[PDB]
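Asks: There's a structure below that I have some questions on.
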Amino acid sequence: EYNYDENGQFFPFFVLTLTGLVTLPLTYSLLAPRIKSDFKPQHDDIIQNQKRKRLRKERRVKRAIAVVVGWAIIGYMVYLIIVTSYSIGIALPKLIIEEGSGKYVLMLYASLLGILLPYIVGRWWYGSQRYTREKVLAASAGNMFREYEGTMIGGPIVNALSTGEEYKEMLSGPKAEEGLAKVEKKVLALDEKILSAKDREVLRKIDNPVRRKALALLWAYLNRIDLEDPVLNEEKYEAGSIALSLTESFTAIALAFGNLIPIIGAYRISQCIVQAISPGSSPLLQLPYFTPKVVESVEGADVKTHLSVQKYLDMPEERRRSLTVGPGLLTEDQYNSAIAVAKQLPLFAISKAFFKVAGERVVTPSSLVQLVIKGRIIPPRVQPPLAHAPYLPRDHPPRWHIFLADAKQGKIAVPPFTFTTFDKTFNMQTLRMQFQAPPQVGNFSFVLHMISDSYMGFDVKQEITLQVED
Amino acid sequence: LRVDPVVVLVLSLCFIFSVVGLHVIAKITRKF
Amino acid sequence: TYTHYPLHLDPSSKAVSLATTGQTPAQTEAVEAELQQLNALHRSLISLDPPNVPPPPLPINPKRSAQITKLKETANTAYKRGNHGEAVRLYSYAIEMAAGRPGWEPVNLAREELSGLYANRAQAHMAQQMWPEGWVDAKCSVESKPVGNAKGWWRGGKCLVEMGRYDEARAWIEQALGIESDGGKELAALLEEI
Amino acid sequence: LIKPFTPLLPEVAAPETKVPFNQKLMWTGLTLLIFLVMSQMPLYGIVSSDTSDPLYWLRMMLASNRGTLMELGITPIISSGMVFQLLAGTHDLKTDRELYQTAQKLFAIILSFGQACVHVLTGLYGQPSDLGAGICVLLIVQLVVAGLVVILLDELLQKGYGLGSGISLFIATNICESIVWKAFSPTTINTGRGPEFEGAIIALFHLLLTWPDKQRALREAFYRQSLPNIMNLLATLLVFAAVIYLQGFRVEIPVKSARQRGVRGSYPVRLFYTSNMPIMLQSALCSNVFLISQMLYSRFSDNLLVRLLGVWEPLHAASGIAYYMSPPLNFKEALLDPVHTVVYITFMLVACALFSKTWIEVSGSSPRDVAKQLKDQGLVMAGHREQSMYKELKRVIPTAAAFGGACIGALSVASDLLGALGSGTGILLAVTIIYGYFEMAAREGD
Amino acid sequence: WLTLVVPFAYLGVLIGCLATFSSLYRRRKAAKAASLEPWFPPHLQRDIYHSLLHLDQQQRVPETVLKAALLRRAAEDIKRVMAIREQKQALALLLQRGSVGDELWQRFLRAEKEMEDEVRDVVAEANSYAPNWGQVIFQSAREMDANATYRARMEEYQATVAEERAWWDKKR
Amino acid sequence: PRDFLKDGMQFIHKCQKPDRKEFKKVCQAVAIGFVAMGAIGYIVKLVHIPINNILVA
């Protein structure tokens, strides 16, 4: 019961107004600190280029074609405009309802609604299913879950972590067998037995190019091996960044498991991956100008205990003659910078940690009780300085994990509470966390762990006694 | 008897297409 | 369903042997180790009794227990004489006698017996100033039975403090106190020796 | 007694695990698109469409359309529940609940079939003697399968794959379509002098560009008084913003539990207690009165009771009770008859207030009931030595409800009188439902 | 009577298309679900036992070695059962967080059903061999497995005394 | 009479008013939802007017 416009004087106005309302908006819409360091590691160009390549976003091709076609149709419609007792009509061209193009437009609409909708729906469905919560592929998490063992800490964590899925897309094609022999020989030969004992057998046993290459590259990275190939470093410093996210996923999995040793293990492997040190090696390699030689020369010839940063800095002026002697060990101009950058690391030293229920004196069973732990950041919504490790592309904001477990059974008590900010070279701080008290009556014995990633050697382990009565 | 969630959607789509198919078949029969 | 492995039994030996083909050296060595363990189990079962089924683990034969207690008693009364060479020799002999027993029997009995024997041998080595062997024996004993034992933790911590490595001694005594009273008193006294 | 009908009835499968939020939103959007594209498709046996629309005042409340595949899609789903709740109240185990659900669906489908039959036989699509021998049963089976597919989609959306129910979404989408079509409508209506556009913005642009006087062009674009203009759009936007701002009035009462010490909390009581009930039921009552008036005025044309109850004329009720119940057309008709405006004001205000105050007692949110519920849950007043929950609760809730009813009634009246596009009932039913679903979503995944 | 047959034919075509699509989709879903990689590596002791039975059929072999093979298979099976029972709780608790995909839960259920069928089959085969030889099999299996892993751990801890003595003599 | 209005105004003054930021956020969210539904409905109707006019003939 409508009368279309065939002479062309009404549809141009409507289409012009609509496409203008669209294109105007589409065109108008598409028109914290860092720590001080005067040291640059080897292969600076590679790591800096990788850091710059990590982040990238254009957001211009999506709207450019839309805006240009909108302005083109606006120009065409305004050109057609400048060219030129009760009935209702429609501002639409006549050729749409003509007997010639009728079946054509009908079949076009049918094909559109039958193909484009289900195809794009299935695409979005299978595009938002493979990614998990921790930004890792579901295949990777599934493959890593089965590799979980009862009590694995240190070594086997790297083996259970080197079964990821990003390595498939990283070195796909002929990139797997390029320097496999070279990297494998270097890793298996140059490293001593105190850094790998049976991992050599676990590495030799597998028969798969992608996974073996990934594992060898991860070890070569975690040992600061400096292989001579100028093309393999650009993928090693990327395997490290992939291993970091896989470490986050493995921490999530081990936390899902109700065990204690894998938790500390995952935290230590996250501390080691974010840096360049090796799991089990002296944590003294966090300083800028330190090499295996000087750390072997400072902590003794052969020792089973590794001098942490606190006990190293707390020595009297004997390190001056014991470390930077001069014959190939170090230089005073470098040792001064090392000390000046070591005197700025965040170390959390807690002083008081007591339970307290909100609005009551004595903790009642099955009540919501919160603990206040007040320490003081002393170096050996305020943001802390970023990580100091220069051997990874991304910059990691140093976080802190606070949890507590019991000793009568090797199991965790409450889930951890991760945070990254303080309330501001030292001043008192405060940190809170709330959970549910046990249902029954009887004092318990807990120990909280101040395990923190982004650094190795900053751990506080204190025992707290809980009180409960009625 | 239970049915999968995609089956009701494919049934809705097949019904929507069957309606227009019947319409166009009747139009073809009338035109000739 | 299953994968057919070409086997070949050897008469008069009653021990099956794999014939050469799963077209893989890893599979070959795996099935070879499995076959060796199977032959060992077959020897144990043929040495069990005229029947072949293993008896249930509810009853326990007392001959092994009597023998191991007699050996432990004579080793202890020989060590009390003053010498230690023959003492640790008898300790190792009793350890071998205990470990050489089948596994279908209850594990708690063998576990506790090995705990006691390892503790005694660790104390004997402590009497011989041999620190590494004593420490590793104490570690074995405490790994066997952690709860209900304190002398093991104490000997381990003392061996550590005698040989150094103060951090490992701290961690050892810390875990001991976390597990945990004469044991608690000895642990506190050893921790105060830092 | 309804056991054998259990295995025959089709039913959607239960979800394996808890579905995420994005997939649920996708399911909801796809079901809504399917419902809309099905409601915008015509039937086949349509031969005569020039006839007065029966139950025309029910399309807005039932979210249906005349002469399309969705003529009676919504009625069986609501009717089955509305009768089954009553038969259950007049007069358990899962083995009985399964039978109950099967009987509900069977009643729904048989009522769908019966309504399709009474729709095709009454003469809506023409005299059955002239339509065809098989065309009638063809239309029957087509409308029956449409009702079946729509109720199956509703059951799927309700079983857990959807974020809420389908009735509210279906009522809101039609209102939102009618309110956004009124703005950029391409239909032109030539009543002489030259055709103009029905859409508001399109009409403004066209009149501004083609007429020789910009002053007269703007004076025409504003205050059209016959077709939707920009002033009505601005009034609708203002009413929308006012309702959105007014919905966020909540009286937080301090409460702390007594089963586990220390835990605090709050129990809000919104100014819009029983958000969209006093408007929906009042509009349904008015629609039923109007329908009865029309049906009794068509047959009994000449009588005293029909003359006093309601008289219609080109329809539009005039000089009758239904004329008083009908809202004023615009501001001009409002200023012409002041007594009609005043009686409409007072009727709608008192009706909304009384309806809210009597629905709060039946919905189960009475102070005597919710106080006992909170006491059984363990919550106790957190006031300073003021341990009296029922007193404060009975002093707060009833007045709050009896004031919110009148407030939302006055809002609807102001929206319908200022000139807002579409009936104010539709605007409120859209805004309240969208706000409820927004808060439900924001309380779920982000 | 085309008026009587046209709507019936239309509805028949519709229901037939619905039914054939339902059958095709069910078949495709079943074929896709029954084509998942197995959870645990291929069983070896059961393969050795079946090969021993095949060698016995295609032939002389005694019967005690068969009992030893079955005992070893039962030990492996009970270790597998312990592992799956340990992993069940962690997987169930982790599935809700969404950090794990969906196919893993299906693989886990399939592995659980396979283990149930396998334990039923092995207890039946055991009851076939000896009079009332069902539960003593699993008791012996768990005891043997625990004792073997304990002995392995003990030997591993004992195999470090040489390095310890070397280190102490070096530091001395 | 007037007691009802007085009690209502007292309840209103007893309530707490929302701020500007939360109001702006909720208004933006509801407007996004409304505009989405409206655009979908408008496009469906605009694409089904000519298709229907061709189909029914």
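Identifiers for the structure tokens are assigned positionally: chains receive A, B, ... in sequence, residues are indexed from 1 per chain, and ligands are indexed from 1 in the order shown.
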Enumerate as an MDAnalysis selection string the residues belonging to chain B that approach chain F to within 12 Å, with only C-alpha atoms taken into account.

Replies: chainID B and resid 19:28 30:31

Asks: Can I get the selection written as an mmCIF file, in the first residue's frame, with C-alpha atoms?

Replies:
data_model
loop_
_atom_site.group_PDB
_atom_site.id
_atom_site.type_symbol
_atom_site.label_atom_id
_atom_site.label_comp_id
_atom_site.auth_asym_id
_atom_site.auth_seq_id
_atom_site.Cartn_x
_atom_site.Cartn_y
_atom_site.Cartn_z
ATOM 1 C CA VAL B 19 8.026 -19.391 4.909
ATOM 2 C CA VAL B 20 9.716 -17.298 2.221
ATOM 3 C CA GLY B 21 10.189 -20.404 0.080
ATOM 4 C CA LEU B 22 6.462 -21.107 0.210
ATOM 5 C CA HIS B 23 5.751 -17.462 -0.630
ATOM 6 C CA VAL B 24 8.067 -17.427 -3.645
ATOM 7 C CA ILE B 25 6.749 -20.793 -4.864
ATOM 8 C CA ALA B 26 3.189 -19.462 -4.708
ATOM 9 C CA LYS B 27 4.338 -16.326 -6.535
ATOM 10 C CA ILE B 28 5.923 -18.448 -9.275
ATOM 11 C CA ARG B 30 0.605 -17.383 -9.829
ATOM 12 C CA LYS B 31 2.877 -15.693 -12.384
#

Asks: Can you list, as a ChimeraX atom specification, all residues belonging to chain B that DSSP tags as alpha helix (DSSP H)?

Replies: /B:5-31

Asks: Write out, as a PDB file, in the first residue's frame, the residues just selected, with N, CA and C atoms.

Replies:
ATOM      1  N   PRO B   5      20.933 -27.037  22.212  1.00  0.00           N
ATOM      2  CA  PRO B   5      20.560 -25.623  22.040  1.00  0.00           C
ATOM      3  C   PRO B   5      20.714 -25.108  20.620  1.00  0.00           C
ATOM      4  N   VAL B   6      21.623 -25.670  19.821  1.00  0.00           N
ATOM      5  CA  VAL B   6      21.785 -25.196  18.450  1.00  0.00           C
ATOM      6  C   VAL B   6      20.657 -25.693  17.554  1.00  0.00           C
ATOM      7  N   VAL B   7      19.982 -26.771  17.957  1.00  0.00           N
ATOM      8  CA  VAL B   7      18.933 -27.350  17.126  1.00  0.00           C
ATOM      9  C   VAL B   7      17.729 -26.420  17.050  1.00  0.00           C
ATOM     10  N   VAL B   8      17.399 -25.737  18.148  1.00  0.00           N
ATOM     11  CA  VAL B   8      16.261 -24.823  18.109  1.00  0.00           C
ATOM     12  C   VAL B   8      16.568 -23.623  17.220  1.00  0.00           C
ATOM     13  N   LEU B   9      17.825 -23.171  17.204  1.00  0.00           N
ATOM     14  CA  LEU B   9      18.184 -22.059  16.333  1.00  0.00           C
ATOM     15  C   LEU B   9      18.150 -22.472  14.869  1.00  0.00           C
ATOM     16  N   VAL B  10      18.674 -23.660  14.554  1.00  0.00           N
ATOM     17  CA  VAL B  10      18.621 -24.107  13.166  1.00  0.00           C
ATOM     18  C   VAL B  10      17.178 -24.374  12.750  1.00  0.00           C
ATOM     19  N   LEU B  11      16.318 -24.781  13.689  1.00  0.00           N
ATOM     20  CA  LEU B  11      14.905 -24.956  13.376  1.00  0.00           C
ATOM     21  C   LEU B  11      14.235 -23.616  13.102  1.00  0.00           C
ATOM     22  N   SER B  12      14.544 -22.600  13.908  1.00  0.00           N
ATOM     23  CA  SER B  12      14.014 -21.266  13.646  1.00  0.00           C
ATOM     24  C   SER B  12      14.447 -20.766  12.275  1.00  0.00           C
ATOM     25  N   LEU B  13      15.719 -20.971  11.926  1.00  0.00           N
ATOM     26  CA  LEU B  13      16.203 -20.499  10.632  1.00  0.00           C
ATOM     27  C   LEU B  13      15.555 -21.266   9.484  1.00  0.00           C
ATOM     28  N   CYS B  14      15.419 -22.588   9.623  1.00  0.00           N
ATOM     29  CA  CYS B  14      14.785 -23.372   8.571  1.00  0.00           C
ATOM     30  C   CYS B  14      13.322 -22.985   8.410  1.00  0.00           C
ATOM     31  N   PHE B  15      12.649 -22.644   9.510  1.00  0.00           N
ATOM     32  CA  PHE B  15      11.260 -22.204   9.425  1.00  0.00           C
ATOM     33  C   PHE B  15      11.148 -20.848   8.737  1.00  0.00           C
ATOM     34  N   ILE B  16      12.030 -19.911   9.099  1.00  0.00           N
ATOM     35  CA  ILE B  16      12.029 -18.597   8.464  1.00  0.00           C
ATOM     36  C   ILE B  16      12.273 -18.731   6.968  1.00  0.00           C
ATOM     37  N   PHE B  17      13.173 -19.634   6.575  1.00  0.00           N
ATOM     38  CA  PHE B  17      13.427 -19.828   5.153  1.00  0.00           C
ATOM     39  C   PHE B  17      12.301 -20.591   4.465  1.00  0.00           C
ATOM     40  N   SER B  18      11.633 -21.499   5.175  1.00  0.00           N
ATOM     41  CA  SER B  18      10.532 -22.238   4.572  1.00  0.00           C
ATOM     42  C   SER B  18       9.348 -21.325   4.288  1.00  0.00           C
ATOM     43  N   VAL B  19       9.117 -20.334   5.152  1.00  0.00           N
ATOM     44  CA  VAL B  19       8.026 -19.391   4.909  1.00  0.00           C
ATOM     45  C   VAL B  19       8.253 -18.638   3.601  1.00  0.00           C
ATOM     46  N   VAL B  20       9.449 -18.068   3.430  1.00  0.00           N
ATOM     47  CA  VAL B  20       9.716 -17.298   2.221  1.00  0.00           C
ATOM     48  C   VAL B  20       9.787 -18.215   1.004  1.00  0.00           C
ATOM     49  N   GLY B  21      10.224 -19.462   1.185  1.00  0.00           N
ATOM     50  CA  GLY B  21      10.189 -20.404   0.080  1.00  0.00           C
ATOM     51  C   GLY B  21       8.775 -20.700  -0.382  1.00  0.00           C
ATOM     52  N   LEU B  22       7.861 -20.905   0.567  1.00  0.00           N
ATOM     53  CA  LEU B  22       6.462 -21.107   0.210  1.00  0.00           C
ATOM     54  C   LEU B  22       5.898 -19.880  -0.493  1.00  0.00           C
ATOM     55  N   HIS B  23       6.234 -18.687   0.003  1.00  0.00           N
ATOM     56  CA  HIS B  23       5.751 -17.462  -0.630  1.00  0.00           C
ATOM     57  C   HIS B  23       6.237 -17.355  -2.070  1.00  0.00           C
ATOM     58  N   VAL B  24       7.529 -17.600  -2.299  1.00  0.00           N
ATOM     59  CA  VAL B  24       8.067 -17.427  -3.645  1.00  0.00           C
ATOM     60  C   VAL B  24       7.574 -18.535  -4.571  1.00  0.00           C
ATOM     61  N   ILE B  25       7.322 -19.734  -4.039  1.00  0.00           N
ATOM     62  CA  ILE B  25       6.749 -20.793  -4.864  1.00  0.00           C
ATOM     63  C   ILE B  25       5.331 -20.433  -5.283  1.00  0.00           C
ATOM     64  N   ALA B  26       4.534 -19.900  -4.353  1.00  0.00           N
ATOM     65  CA  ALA B  26       3.189 -19.462  -4.708  1.00  0.00           C
ATOM     66  C   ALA B  26       3.232 -18.321  -5.716  1.00  0.00           C
ATOM     67  N   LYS B  27       4.196 -17.412  -5.569  1.00  0.00           N
ATOM     68  CA  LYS B  27       4.338 -16.326  -6.535  1.00  0.00           C
ATOM     69  C   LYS B  27       4.677 -16.864  -7.919  1.00  0.00           C
ATOM     70  N   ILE B  28       5.566 -17.855  -7.988  1.00  0.00           N
ATOM     71  CA  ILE B  28       5.923 -18.448  -9.275  1.00  0.00           C
ATOM     72  C   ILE B  28       4.719 -19.147  -9.890  1.00  0.00           C
ATOM     73  N   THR B  29       3.936 -19.848  -9.068  1.00  0.00           N
ATOM     74  CA  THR B  29       2.748 -20.524  -9.580  1.00  0.00           C
ATOM     75  C   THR B  29       1.718 -19.522 -10.090  1.00  0.00           C
ATOM     76  N   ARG B  30       1.568 -18.391  -9.396  1.00  0.00           N
ATOM     77  CA  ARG B  30       0.605 -17.383  -9.829  1.00  0.00           C
ATOM     78  C   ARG B  30       1.063 -16.693 -11.108  1.00  0.00           C
ATOM     79  N   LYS B  31       2.358 -16.384 -11.209  1.00  0.00           N
ATOM     80  CA  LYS B  31       2.877 -15.693 -12.384  1.00  0.00           C
ATOM     81  C   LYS B  31       2.767 -16.532 -13.650  1.00  0.00           C
TER      82      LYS B  31
END

Asks: Could you give me, as a tab-separated table, a per-residue list for chain F showing, wherever an atom lies at most 8 Å from an atom of chain A, the closest pair of atoms and their distance in Å to one decimal, using only C-alpha atoms and sorting by chain then residue number from low to high?

Replies:
residue	atom	partner	partner_atom	distance
F:50	CA	A:97	CA	7.0
F:51	CA	A:106	CA	6.5
F:53	CA	A:97	CA	7.5
F:54	CA	A:97	CA	5.9

Asks: Please return, as a list in words, all residues of chain B lying within 6 Å of chain D when only C-alpha atoms are considered.

Replies: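 Taken together, these residues fit the definition: residues 1, 2, 3 and 4 of chain B.
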
Asks: How about saving the chosen residues, N, CA, C and O atoms kept, as a PDB file, in the first residue's frame?

Replies:
ATOM      1  N   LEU B   1      12.939 -37.209  25.954  1.00  0.00           N
ATOM      2  CA  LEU B   1      13.494 -36.605  24.748  1.00  0.00           C
ATOM      3  C   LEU B   1      14.033 -35.207  25.029  1.00  0.00           C
ATOM      4  O   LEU B   1      13.293 -34.319  25.453  1.00  0.00           O
ATOM      5  N   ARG B   2      15.327 -35.017  24.790  1.00  0.00           N
ATOM      6  CA  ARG B   2      15.985 -33.738  24.993  1.00  0.00           C
ATOM      7  C   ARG B   2      16.645 -33.288  23.696  1.00  0.00           C
ATOM      8  O   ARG B   2      16.956 -34.097  22.818  1.00  0.00           O
ATOM      9  N   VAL B   3      16.857 -31.979  23.586  1.00  0.00           N
ATOM     10  CA  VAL B   3      17.324 -31.360  22.352  1.00  0.00           C
ATOM     11  C   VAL B   3      18.486 -30.428  22.674  1.00  0.00           C
ATOM     12  O   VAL B   3      18.544 -29.841  23.760  1.00  0.00           O
ATOM     13  N   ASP B   4      19.425 -30.309  21.728  1.00  0.00           N
ATOM     14  CA  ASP B   4      20.585 -29.444  21.884  1.00  0.00           C
ATOM     15  C   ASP B   4      20.210 -27.987  21.611  1.00  0.00           C
ATOM     16  O   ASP B   4      19.270 -27.711  20.862  1.00  0.00           O
TER      17      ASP B   4
END

Asks: Near residue 332 in chain A, within 12 Å and counting only C-alpha atoms, which residues show up once chain neighbours fewer than 5 positions away are dropped, as a list in words?

Replies: residues 289, 319, 320, 321, 323, 324, 325, 326, 327, 337, 338 and 339 of chain A

Asks: Please report as a Markdown table every residue of chain A lying within 9 Å of chain D, along with the nearest atom pair and their distance in Å (one decimal), using only C-alpha atoms.

Replies:
| residue | atom | partner | partner_atom | distance |
| --- | --- | --- | --- | --- |
| A:2 | CA | D:187 | CA | 9.0 |
| A:10 | CA | D:188 | CA | 8.8 |
| A:11 | CA | D:186 | CA | 8.3 |
| A:13 | CA | D:206 | CA | 6.9 |
| A:14 | CA | D:202 | CA | 6.3 |
| A:17 | CA | D:202 | CA | 7.0 |
| A:18 | CA | D:184 | CA | 8.3 |
| A:85 | CA | D:191 | CA | 5.7 |
| A:86 | CA | D:191 | CA | 4.5 |
| A:87 | CA | D:190 | CA | 5.3 |
| A:88 | CA | D:189 | CA | 4.4 |
| A:89 | CA | D:188 | CA | 5.1 |
| A:90 | CA | D:187 | CA | 4.8 |
| A:91 | CA | D:186 | CA | 5.9 |
| A:92 | CA | D:186 | CA | 8.3 |
| A:121 | CA | D:26 | CA | 8.6 |
| A:125 | CA | D:23 | CA | 7.8 |
| A:128 | CA | D:22 | CA | 8.8 |
| A:357 | CA | D:262 | CA | 6.4 |
| A:358 | CA | D:262 | CA | 5.0 |
| A:359 | CA | D:262 | CA | 5.9 |
| A:360 | CA | D:262 | CA | 7.3 |
| A:363 | CA | D:261 | CA | 8.7 |
| A:364 | CA | D:261 | CA | 7.1 |
| A:365 | CA | D:260 | CA | 7.9 |
| A:366 | CA | D:260 | CA | 6.1 |
| A:367 | CA | D:260 | CA | 4.7 |
| A:368 | CA | D:262 | CA | 6.2 |
| A:369 | CA | D:262 | CA | 7.7 |

Asks: Measuring between only C-alpha atoms, which one of E:127, E:140, E:96, E:135 shows the shortest distance to chain A?

Replies: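 Using only C-alpha atoms, chain A sits closest to E:96.
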
Asks: I'd like the neighbourhood of range 145-147 of chain C as a list in words, where a residue qualifies if any of its atoms comes within 12 Å (using only C-alpha atoms), though same-chain residues fewer than 5 positions away should be ignored.

Replies: residues 408 and 409 of chain A; 107, 108, 109, 110, 111, 112, 113, 114, 115, 116, 117, 118, 119, 138, 139, 140, 152, 153, 175, 176, 177, 178, 179, 180 and 183 of chain C; 150 and 154 of chain E

Asks: Kindly save the residues from that selection, with N, CA and C atoms included, as a compact mmCIF listing (two decimals), in the first residue's frame.

Replies:
# COMPACT_ATOMS: atom_id res chain seq x y z
N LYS A 408 51.35 -28.93 60.58
CA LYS A 408 50.96 -30.30 60.88
C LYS A 408 50.63 -31.07 59.61
N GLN A 409 50.14 -30.39 58.58
CA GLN A 409 49.88 -30.98 57.28
C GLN A 409 50.46 -30.08 56.21
N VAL C 107 53.39 -52.24 54.49
CA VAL C 107 54.53 -51.35 54.34
C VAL C 107 54.92 -50.69 55.65
N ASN C 108 54.00 -50.59 56.61
CA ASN C 108 54.30 -49.90 57.86
C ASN C 108 55.35 -50.65 58.67
N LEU C 109 55.28 -51.99 58.68
CA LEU C 109 56.24 -52.77 59.45
C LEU C 109 57.66 -52.57 58.93
N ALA C 110 57.86 -52.77 57.63
CA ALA C 110 59.18 -52.57 57.04
C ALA C 110 59.63 -51.13 57.18
N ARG C 111 58.70 -50.18 57.07
CA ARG C 111 59.05 -48.77 57.20
C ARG C 111 59.58 -48.47 58.59
N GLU C 112 58.89 -48.94 59.63
CA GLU C 112 59.34 -48.69 61.00
C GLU C 112 60.64 -49.41 61.30
N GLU C 113 60.80 -50.64 60.79
CA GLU C 113 62.04 -51.36 61.02
C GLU C 113 63.22 -50.65 60.36
N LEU C 114 63.04 -50.18 59.13
CA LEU C 114 64.10 -49.42 58.48
C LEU C 114 64.37 -48.11 59.21
N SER C 115 63.33 -47.48 59.74
CA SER C 115 63.52 -46.27 60.54
C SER C 115 64.43 -46.55 61.73
N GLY C 116 64.11 -47.60 62.50
CA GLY C 116 64.93 -47.93 63.65
C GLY C 116 66.36 -48.28 63.27
N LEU C 117 66.53 -49.10 62.23
CA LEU C 117 67.87 -49.50 61.83
C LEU C 117 68.69 -48.31 61.34
N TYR C 118 68.07 -47.42 60.57
CA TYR C 118 68.79 -46.25 60.08
C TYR C 118 69.15 -45.31 61.22
N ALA C 119 68.25 -45.15 62.20
CA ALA C 119 68.58 -44.32 63.35
C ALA C 119 69.76 -44.91 64.13
N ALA C 138 70.59 -40.35 58.92
CA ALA C 138 69.53 -39.68 59.66
C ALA C 138 68.46 -39.15 58.72
N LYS C 139 68.88 -38.63 57.56
CA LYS C 139 67.91 -38.15 56.57
C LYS C 139 67.05 -39.30 56.06
N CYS C 140 67.66 -40.45 55.78
CA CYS C 140 66.88 -41.61 55.37
C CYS C 140 65.89 -42.03 56.45
N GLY C 152 65.93 -38.70 65.36
CA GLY C 152 66.43 -38.56 64.00
C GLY C 152 66.69 -37.11 63.63
N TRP C 153 65.69 -36.24 63.85
CA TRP C 153 65.89 -34.82 63.61
C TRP C 153 67.05 -34.28 64.43
N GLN C 175 61.89 -27.08 60.63
CA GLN C 175 60.90 -28.07 60.23
C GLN C 175 60.64 -29.07 61.35
N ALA C 176 61.68 -29.44 62.09
CA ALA C 176 61.51 -30.36 63.22
C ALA C 176 60.58 -29.77 64.27
N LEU C 177 60.81 -28.51 64.63
CA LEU C 177 59.95 -27.85 65.61
C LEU C 177 58.54 -27.66 65.06
N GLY C 178 58.40 -27.43 63.76
CA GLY C 178 57.08 -27.33 63.16
C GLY C 178 56.32 -28.63 63.21
N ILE C 179 57.02 -29.76 63.09
CA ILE C 179 56.38 -31.06 63.22
C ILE C 179 56.31 -31.50 64.68
N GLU C 180 57.43 -31.40 65.39
CA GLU C 180 57.51 -31.76 66.81
C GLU C 180 57.06 -33.20 67.05
N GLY C 183 61.57 -34.48 73.17
CA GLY C 183 61.95 -34.13 71.81
C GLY C 183 61.95 -32.63 71.57
N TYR E 150 58.62 -46.56 47.96
CA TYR E 150 59.39 -46.25 49.16
C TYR E 150 60.83 -46.74 49.03
N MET E 154 64.24 -44.52 49.00
CA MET E 154 65.32 -44.81 49.95
C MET E 154 66.64 -45.02 49.23

Asks: What residues in chain D have any atom no more than 12 Å from chain E when counting only C-alpha atoms, and can you write them as a list in words?

Replies: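 That gives the following set of residues: residues 16, 17, 18, 19, 20, 21, 131, 132, 133, 134, 135, 136, 137, 138, 139, 140, 141, 142, 143, 144 and 145 of chain D.
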
Asks: With distances taken over only C-alpha atoms, which of E:60, E:165, E:46, E:171 is nearest to chain A?

Replies: E:171

Asks: Could you please determine the separation between CA of residue 46 in chain D and CA of residue 124 in chain D in Å, to one decimal place?

Replies: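 Atom-to-atom, CA of residue 46 in chain D and CA of residue 124 in chain D are spaced 9.3 Å apart.
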